[PDB]
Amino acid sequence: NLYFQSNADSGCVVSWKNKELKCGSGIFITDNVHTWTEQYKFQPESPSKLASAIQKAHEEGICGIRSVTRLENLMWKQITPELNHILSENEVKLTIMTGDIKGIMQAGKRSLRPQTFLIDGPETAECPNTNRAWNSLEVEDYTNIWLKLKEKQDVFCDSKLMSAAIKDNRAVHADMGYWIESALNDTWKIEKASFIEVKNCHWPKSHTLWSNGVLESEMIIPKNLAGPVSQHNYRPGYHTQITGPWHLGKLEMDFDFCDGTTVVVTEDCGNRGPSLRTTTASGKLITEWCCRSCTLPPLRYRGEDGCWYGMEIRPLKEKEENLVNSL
C-alpha cells in the first residue's frame, strides 16, 4: 500500500523491570492516579446549556446532584461561581452551593436533560439521593477535557474515560481515578489497586479483559463500586470486599502485611465481617490477626488514617468491639 497507519499513539518507552527500551506506534495507557499535578481538567462545553438543565432539573423537582467521578466534583467547584451568575442574570431565585466529597460517591436516581441547589457535600434527608441527579455527563472531545449533557440515563461509568491493557502477563484496568493491576504468578490474580475516588457506577464489559465466566461473588473490588467484571479482579481465598474501608475515599489496596502485625490462617478465626483497622481509636496497635481460609499475603488497604485489613482478616485474640471498623 501507501497508507501511514498512525491513527494511534507514537513514541518511546523504557521498562525498568524488563530492562529494555521500545519505540513504536500503538496504545499508551498512562497512570492518571499517581500523577503529581493535575494532568486533566474537567470543563463544560456550554455553561448556559448546563444552566438550562439545572433550572429544568429543579422544575422537574430535583434539589441537587451527586458527582460520579472526582474530577466531576472538582469541575463543580470552579464552575459554580459562573453558573450562579448566569442564573442571576436570568433571575431565578435558586442558589448553587457545592461542598466536598464523602468517601464513596453515592449514586442518585434523578438526572439532568440536554437541550438552594446542593452539589455533593454530606447526606441530608431534606434533599435525599432519591432527588439528586447523577451520571448525566459524557465526554465530547479534548491537557483539557470537555464535557456535555448526556442522552440516556443508565448506570454505567462514562466509557470514554475507561481503559485497559495487558502485556507480558501484567494486566491493568484504569480510569481517571482507578488503577487496578493484576499479574500472572502461578495463577492470574489482582496484586494492587489504587483509588483517588470510589464511585457507584458499573464498569462496562466493553472495557474489561476476561469478562467471561466471572462470579461477581468472587470479584475483589465489588461490581457496585465500579469493579470490573473480570477474572483479573480475583484473589484466591478472598471474596467480594463489600464492606471494605471504601469510606476512606482515597486508598491503596494491595497484598502484604500491615506494619507491625501478623496474619495466620486458622479455622478458629472469626467469620468475614466489616473491615477493621489495625490501630484503635486511641492509637494502640493490634498485632495478632487471622483469617479462616484466606491466602497470604493478606488483603490490606492503606488510607489517610492508618492500615486496614480485608474483610476476612479478623483479630486473633483482641475483641472486635475495641477496634475501629467501617460500618
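Numbering starts at 1 and runs along the sequence shown.
Subject >> Missing residues, deposited sequence, between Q115 and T116 (class: none, 1 to 3, 4 to 9, 10 or more) >> reply: 10 or more residues lack coordinates between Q115 and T116.
**OP:** Answer with none, 1 to 3, 4 to 9, or 10 or more: how many deposited residues between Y142 and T143 are not present in the coordinates.
**Re:** 4 to 9 residues lack coordinates between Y142 and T143.
Original post:
What stretch has the higher average Cα B-factor here, 62 to 70 or 256 to 264?
Top reply: Per the deposited B-factors, the answer is 62 to 70.
Subject >> Which of 312 to 320 and 6 to 14 has higher mean CA B factor, as the PDB entry lists it >> reply: Comparing 6 to 14 with 312 to 320, the higher mean C-alpha B-factor belongs to 6 to 14.
**OP:** Going by the CA temperature factor in the entry, name the top one among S194, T130, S206, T240.
**Re:** Out of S194, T130, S206, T240, the record gives the largest C-alpha B-factor to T130.
Original post:
When the CA B-factors of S275, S282, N271, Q43 are compared as recorded in the entry, which is the largest?
Top reply: Comparing C-alpha B-factors across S275, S282, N271, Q43, the top value belongs to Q43.
Original post:
Lowest, middle or highest third of the chain for the C-alpha temperature factor of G99?
Top reply: Highest third - that is where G99 ends up once the chain's C-alpha B-factors are sorted.
Original post:
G108's Cα B-factor: lowest, middle or highest third of the chain?
Top reply: It falls in the top third of the chain.
Original post:
C-alpha B factor of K56, ranked within the chain: lowest, middle or highest third?
Top reply: Top third by C-alpha B-factor.
**OP:** Divide the modelled residues of the chain into thirds by Cα B-factor and specify which third, lowest, middle or highest, holds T35.
**Re:** Middle third of the chain for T35's C-alpha B-factor.
**OP:** Would you please rank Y178 by its C-alpha temperature factor against the other modelled residues of its chain and give the third it falls in: lowest, middle or highest?
**Re:** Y178: CA B-factor falls in the middle third of its chain.
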